[PDB]
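Scroll down for the structure; my scribbles are underneath it.
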Amino acid sequence: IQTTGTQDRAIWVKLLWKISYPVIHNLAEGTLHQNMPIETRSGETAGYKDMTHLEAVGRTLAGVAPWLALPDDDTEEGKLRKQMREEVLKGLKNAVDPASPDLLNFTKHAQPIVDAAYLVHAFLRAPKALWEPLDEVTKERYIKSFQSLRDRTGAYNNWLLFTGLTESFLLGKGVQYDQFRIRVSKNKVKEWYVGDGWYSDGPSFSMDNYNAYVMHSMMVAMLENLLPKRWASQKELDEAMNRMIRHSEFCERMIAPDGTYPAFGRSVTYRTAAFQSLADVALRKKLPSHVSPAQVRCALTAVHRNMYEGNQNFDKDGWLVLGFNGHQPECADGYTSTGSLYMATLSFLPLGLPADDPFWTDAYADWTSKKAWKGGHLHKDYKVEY
Amino acid sequence: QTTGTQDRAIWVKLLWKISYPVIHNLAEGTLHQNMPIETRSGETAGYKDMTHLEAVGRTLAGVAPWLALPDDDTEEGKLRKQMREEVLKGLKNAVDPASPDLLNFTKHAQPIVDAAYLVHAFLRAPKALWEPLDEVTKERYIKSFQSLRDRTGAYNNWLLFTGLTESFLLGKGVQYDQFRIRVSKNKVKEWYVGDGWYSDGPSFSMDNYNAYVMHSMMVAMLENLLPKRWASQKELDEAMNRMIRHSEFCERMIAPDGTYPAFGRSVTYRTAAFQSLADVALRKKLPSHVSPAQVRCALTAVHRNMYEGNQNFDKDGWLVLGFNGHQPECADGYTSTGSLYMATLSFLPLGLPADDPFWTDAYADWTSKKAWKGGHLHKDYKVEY
Amino acid sequence: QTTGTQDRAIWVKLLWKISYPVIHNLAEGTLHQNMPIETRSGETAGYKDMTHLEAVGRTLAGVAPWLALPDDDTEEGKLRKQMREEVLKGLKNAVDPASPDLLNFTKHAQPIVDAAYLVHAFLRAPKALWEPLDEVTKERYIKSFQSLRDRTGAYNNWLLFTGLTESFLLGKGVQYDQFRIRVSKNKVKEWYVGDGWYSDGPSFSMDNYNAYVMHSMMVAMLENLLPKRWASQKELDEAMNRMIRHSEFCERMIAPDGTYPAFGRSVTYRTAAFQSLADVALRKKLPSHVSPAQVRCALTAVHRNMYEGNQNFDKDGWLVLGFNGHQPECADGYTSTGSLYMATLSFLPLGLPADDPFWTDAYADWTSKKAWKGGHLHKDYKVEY
Amino acid sequence: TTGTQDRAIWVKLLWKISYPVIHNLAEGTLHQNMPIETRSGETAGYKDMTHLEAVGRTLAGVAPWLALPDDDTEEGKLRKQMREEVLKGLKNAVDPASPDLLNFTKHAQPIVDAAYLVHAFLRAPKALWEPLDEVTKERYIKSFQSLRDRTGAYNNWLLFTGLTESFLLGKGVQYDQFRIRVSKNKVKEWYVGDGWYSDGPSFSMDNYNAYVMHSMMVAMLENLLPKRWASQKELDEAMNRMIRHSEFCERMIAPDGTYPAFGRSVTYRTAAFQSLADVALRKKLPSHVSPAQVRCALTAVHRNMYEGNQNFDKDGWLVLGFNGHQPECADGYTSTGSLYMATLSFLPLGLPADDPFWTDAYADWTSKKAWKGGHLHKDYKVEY
C-alpha cells in the first residue's frame, strides 16, 4: 500500500513541525532556556548549560530554512509556513537581545563555533525569509556574534568548515572576514578527499555519517559563497558539488526495504541527519540519472515515519531524547545534549521544493534496496574517480 | 527463534546448496560440460576460458574452514567426509592434462585472481585440502601458480592476489617472487585510509572489496610472511585489528529484516560482503560488545534471505546473475556464473566446531535489530589504528 | 689564514655594514626618506607601502642574537650598545602615529611576513629588544600583530609567519588566534617530506625557503607553544633535529672557494640561505662531525665573498637587487630593496659570546674544502626522522 | 678553450676510467686483475657481485659514445677499437667457459647492475646488442630473466627491475607485466615536486635522482610507450621532470669547477650529473642553459676529478673516495666495481663532434656567471 507524493509531503510537514516547533516557539516566547531539557548521558548539566540552546536553535533552523524560503500562499501548508517563519524571526531577534531571557551564548567555549555555522547555514538557505527581515540592530549583533568566535577553535577536522562557512558568510555580507580561515579550510578539506564521494573527517578516514552531517553540505555552501569574490573557482564548486551528488547515492542505497538504515559511527544520536547530503542533492534537483526524485521522497518518507511518527524518540513534552530509535542514552557521545539532537531537521531540506515539484508530484517509487531485495531492477553501481 | 544448533544445520544446508554443484561436477570431470556461463550480454567467449577456475577457487575458499574440521561420526561429519573426498577428487582432475576439467592458468589475467582464492582454500584447510593431494598434483599446482608471473591486472586489490599466492609458495619451500611480496605488502599498507578501511587502489572506493579481498587476504598473506621474516608480528596484528574494526561496520549494516544495502561494484558477490565479519568470527576475534551469537543470528537471517528460497538459483541449482533474484543488469562485464561463487565466503564460521559458543550460545538480536526497537545500542566511534 | 678573533671582527664589520643604514635611519626618522625602493620593474607603487617593514623586520631578525649579548666595554661591546640603543629608538618610532617612520601593518598581505621576522627578533633578544620598550609602544606592537588577522597570503611557508606571530602573542599573555596556531603547526608538519626538508606548500620546492623560513620559525614557534602545552617536547625535538639535519646540507654546499650555488626563488636573499646553519650554530647544536670552527670559517668565506667588497651595495651603502653583483634580472617581482635585508640572517652566531669555542677554536676547513683536497670526508646518509 | 679541445679531454678521461674494465673483460682477465677494494677490507660477498657492477656501470656511460657512426678520424679509430673490445667482453661475460663469466644468480645485487647493462644496450642497441651472436643474445635474455627470484629495497631499486623487464618487452621475449606496472606507478607516486622524487617512501637529499631515478624512469617509459604500457603524456612528464632536475645539477657546479659532496653513495662521483648529461645528450636543455656552458662546466668537473691520479690506484683502477683516496666515505655496500658509475657523466660524447654542444663557443656556467656579477637567470620552482 503506497502513499501519494502529496500525502508524503503532508507527513513531512507534520513531522518537521513535531521536531522543530518546540524549539522555535519557545525561542519566540523567550522560554527556550526555561523549558528545554538538558539531557546528557552523564546527567550533568554544567557546561552543557552554556551551549545546548544555540545547538538547538542553529541545528533546527538549518533544517527548516529551505521550507521557509518558499514564497507565501494561502493554502493550508502555506499558512503553517508563514506562522513558523514569523515565530522564527521573533526568536532570532530575541536570541541576540540583551534583555531577552533567551539571549544565546556566542562568547564562551568552543562549541558555539559549531552552532553558529549551522545558524549561518540557515541564513544561507533562506536569506530573504530569515535574514533580510531582521531589523538592522539585530543584524549587526549577529555580525559581531559571528566575529567574536575567532578567539577559539575546535578539532583539526570537519570543524574547519564551521569557521570557514562562517567567514564566507561574513564575506558575502561585505563585513570584515578572516581570509586565513577561508583559505585553509578550503584547501584542507580538499586534501582530505579520499575518493568515491567521501572525505576523511580530519587526517584519518572515519566511516560515519559526518560526511553528511557537516562536510558535503558545508563545503558546497562555503564554496558557493566564495565564488563571486573569486575566493574559490567554479571548478572547485563543481568538484565539491559532484562529490556530494556521488555521496548521496550511497546514502540512498543504505535505506533498507523496511525503511530503516544502519546505526554506525559517532554521533548516531543525530538520527536522519545522516541523510543531509541526499536531502541537499534532492533539494538542489541534482539527483543522478538512475535515482528518481520519487524514490528518494519515498525512501526518506519511510525513514521519517520510522523515526518521528511514534513517540519513541520524544519525551513527555515533545522534545527529542538521547537515542537512535528509542530512548537510548548509552549511544550518546559525552559532547551531546538535548539541543544537539536537532540535527534531526537536516533530512527535511526537500520541503524547500514547491508542492508542485516532481519530487512531490511523481508517483510512488521503490528505492534501490527495496528493488534489489524483491528482484526488481537493480542499477549497476561503480566507484567514481572524481 | 531458532537455536544455534538449528542455525548450524541451516548454514550447512545452504552452503551445500551453493557449493555442491561446483564440487561434484569438478569431481565428476563434468564442470565444463555442465556449468552455465551466464553473462549480462550473453556472450561466452573469453568468459569460457576463465569462469570454471573462478567457480572452483571461490567455492573452495569459502568451504575450506568447514572441511578443515576433525572427522566425527555425526550426520554432519558424514557430509564433511563426502564433500572433502569430492574436493580432493576435483583438485586432482583440475590439473590433470588429460581431464576434460583441466583448469586454465596460462591464458588471460583473470587466473591471477582465482588461483589466489584457491590458494586461500589451501591456507584455510592445509591438512584437509592440500596435504592429502598426491605429490604429482601438488607439483602441478606449484607450477600452475608460478606460471602466473607473466601477467598482471589492475593496480589495486589485485596486488594481494599475487602477494598471497607467492606467500603460499614461500610457505611451501619452493621458489617464490620476493618482489611481488615486498611491493604488494607495502602498497596495501599505504592504501589504508583509516577506521578499518583500505582504498581499493589509489582512490577510496565505498564498496565491499575491503571484505571481498583486502582484509582476509592481507591478514592471510602476512601470516605466511611472518615466520619467514617477510613481515613483523606488529604488521600482522595491525592488519588483524583493522579487519576486526571493519567487521564492526559489516555487522552493523545488517538491517532488522535480515537485509543489507546493495552498493558498490561487484554487488553480485552477495554475502561475500560479510567475509571480514565471517573471518573475524571464525578467528574468534569479535570485539567484546559484539556477541558471537548476534553474528550467528544476523548472518543466518541474511543467508536464509538470500539462499533458502530459489530466487538466486537456476533450475539446476547454479547461482544466477543478480543480487536477490535474476538481476543481470547489475552484473559487471567481467562477471559470469563462475564469478558468483564468492557467495561461499560468508560461511567461514562453519569452520568452528558444533560445540563452539558461536553455535551454542542463545539467540541474540544484532546491532541494528536492537537499535531500531529501542534496545541497547553500544556507542560506536572511529578508531585511529 | 685568519683566527677566530679576526673572523668575529670581520662578521661585526660586515653585519654593521649591512644593517646600520636601516637601524640608524629608523632611529633618525629618515628610513622612508632615505631608503631606496629598487625593483626589477622600476615601479615603486605598492612596494613603498611594504618595503620598510621588510627592511626593519628582516634586519632585526638577524642582528637580534648579537644585541642579546651581555654588555661590556670592549670595542665590540661599545658597538653592540650603540646599535641596541638605536634599535630601541627606531622601534618606538615605528609605531608612533606621529613619526615619519611609522611602519605599515594594515595595508596588503605582505606585513604578515615582515611582522613575523620582527616577532622573531623579539624572540631572539627578548630582554634586549622587547622588555625596554615603553608600555604604549609594547601595546602598539601587540595591536599591530593582531590587526593582521583580516588578511592572508600564500598556502605555503606563510602559515609559519602567522603561526609564529600568534605564538608570540600567546607568550605575551594577550589574546591570540588558536585556529591559526593549530592549523599552521599541523599543516607544516604534514609538509615534511624527509631528510631534513619540508615542501614549501603542497609541492616540494628545491630552493632556500627551508632556511629562509621553515626550520628557524617552526622551531621558534614550537618553543613558544611548549610552555603553554600547545606543542609537545617531542614535537619540538623533532623540528629541532630536522633543522640540525637540514644544516648539514647547507654546510656541505659551501664550495672550496667559499661560494655556494645560486638556485631556487628569492635568490636575492643571499646568505639567508644559511639561516638554518646559523641557527643550529647559535644554539650550539652542530652534529658531532661538523665542528663549530669549520662553520665559522666556511661562513666567513661566504660573508667576505658577498659583503666585504661593494658589488652588492649602492653608492649610499644600501643592498641592491642581485646575488653577487647588481643583478636585477634575478629579482622576483615581489622583491624590493627592503626585502634584501634577509642577508642578516646568517650572522646569528654573533649571538654566541666572543669566548665561545665557535669563535676561539683554531681555523678548520669545511666539508667540501676537505673533500676536494683529499682530506677526511665523513660519510653522509639520508635520515629517517 | 674550444669545444673540440674539451671533447678530446672527455675522450681521454672516459678512456682512462673505462678501458681497464673493458680491456680486461675482453681478455677474460677482469676477475684476475680488477681490485676488490672495500672500506672494511673484506672481499667475501663482494667478490660475487663487484665485476658485473664494473661492467654494467662502465658500459652504461660509454654506450652513447660508441653508438656514433664509424668514421676515419682519429677519434673514430678509438671508438671502433673500444666498441669491438666491448663486444668481445660481452660474449665473454655470458660464456659459460670464460673465466670472466659474470654472476647473475647469487645475491640481490645483480638486479642493479643488470639494469645498468640493460641501459648500455638501450643507449647503443645497434652497436652493443645487435652485433652479439644469437647464442650470446639468448644468454643475456636468460640472465635478465633469472633475476626474478630476488628483490632489493623498496625504493629506486624498483626502476632496476622495471627497466630490465621493459627491455625484455622491447625484445619480444617473455616479460613480467607486474614488475612494469608497479614500478611505473610507484615512482610516479614518489614524485615530491620541482623535479625531485623521493628515493622510496622518504625524501632523500642526495644524488640518487641523478644516479638512477630520472634516466631510468625516462628510458623505461620509452620502452613501454609503443607497447601501450605507458602513454606519451607519462613520458613527457618524466622527461620534463628530468629536464627540471638537470637545472639544479648544472647550478651546483661551483665557479671553481667543483660541486658539493652530500648524501649517500658519494663515491659515485660525477654520476651526480647523469640527469644533466642525459638531458644534454638528448638535446633537451632549457633555452636559458646553453649546451656550451654545460660542456664547459662538466669539463671543469671532469678535469678536477679525473685529470690527476688522486682517484686512481697504481694500476689505473678507481679507488674508494670522492677526490682522493677517501675510503672513509664509502658505504658498506660499495666496492671497486661499484665506482664505475663515474662514466655516467660522459653521455654527451654520444653527440657527434660537429654538434653545437661540442662546437659552440666556450660559455660560463650558471654559478660562474652569478658570482662575478654576470647575468643570472631567475630560477623558480615548477609545478609539473
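All heavy atoms count here, side chains included; hydrogens, waters and symmetry mates do not. Numbered from 1 within each chain, the chains take letters A, B, ... in sequence-line order.
Among A/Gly197, A/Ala372, A/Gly323, the residue with the largest count of heavy-atom pairs under 4.5 Å with chain B is A/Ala372. Counting heavy-atom pairs closer than 4.5 Å to chain B, the top residue among A/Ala332, A/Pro203, A/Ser206, A/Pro329 is A/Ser206. Looking only at heavy-atom pairs under 4.5 Å with chain A, the residue among B/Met306, B/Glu384, B/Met206, B/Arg245 that has the most is B/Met206. For the set A/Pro262, A/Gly375, A/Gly326, the count of heavy-atom pairs under 4.5 angstrom toward chain B peaks at A/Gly375. The candidate from A/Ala256, A/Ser369, A/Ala263 with the greatest count of non-hydrogen atom pairs under 4.5 Å with chain B is A/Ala263.
For the pair A/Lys18 and A/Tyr308, the cation does not sit on the ring face, since its NZ or CZ is not both under 6.0 Å from the ring centre and inside 45° of the axis. Because its NZ or CZ atom is both nearer than 6.0 Å to the ring centre of A/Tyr210 and within 45° of the ring axis, A/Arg266 counts as a cation-pi partner of that residue.
For B/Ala281, the side chain to side chain contact (heavy atoms under 4.5 Å, CB included) partners are B/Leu286, B/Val295, B/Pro349, B/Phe358, not counting sequence neighbours.
Only the side chain of A/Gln328 comes within less than 4.5 Å of a heavy atom in chain B; its backbone stays farther off. Proximity to chain B (any heavy atom under 4.5 Å) is shown, for A/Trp373, by both the backbone and the side chain. B/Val193 touches chain A through backbone and side chain together, each having a heavy atom under 4.5 Å away. Contacts of B/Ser199 with chain A are absent, with no heavy-atom separation under 4.5 Å from either backbone or side chain. Only the backbone of B/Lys370 has a heavy atom closer than 4.5 Å to any heavy atom of chain A. Of the two parts of B/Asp332, the backbone and the side chain both hold a non-hydrogen atom closer than 4.5 Å to a non-hydrogen atom of chain A. Using a 4.5 Å cut-off between heavy atoms, A/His247 makes no contact with chain B at all. Interface residue A/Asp201: backbone and side-chain heavy atoms are both found under 4.5 Å from chain B. For chain A, the nearby part of B/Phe249 is the side chain; its heavy atoms alone come within less than 4.5 Å.
Ring geometry for A/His216 versus A/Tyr199: interplanar angle of 30 to 60°, hence tilted. By the 30° and 60° cut-offs, the orientation of the rings of A/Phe205 relative to B/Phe204 is tilted.
Using modelled atom types, one finds a donor on one side chain and an acceptor on the other under 3.5 Å when comparing A/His327 with A/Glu39.
A ring-centre distance under 6.0 Å is found for B/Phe323 and B/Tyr260. Taking the six-membered ring where the residue is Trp, the centroids of B/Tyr155 and B/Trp191 are separated by under 6.0 Å.
Salt bridge B/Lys234/B/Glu238: absent, no basic N to carboxylate O contact under 4.0 Å.
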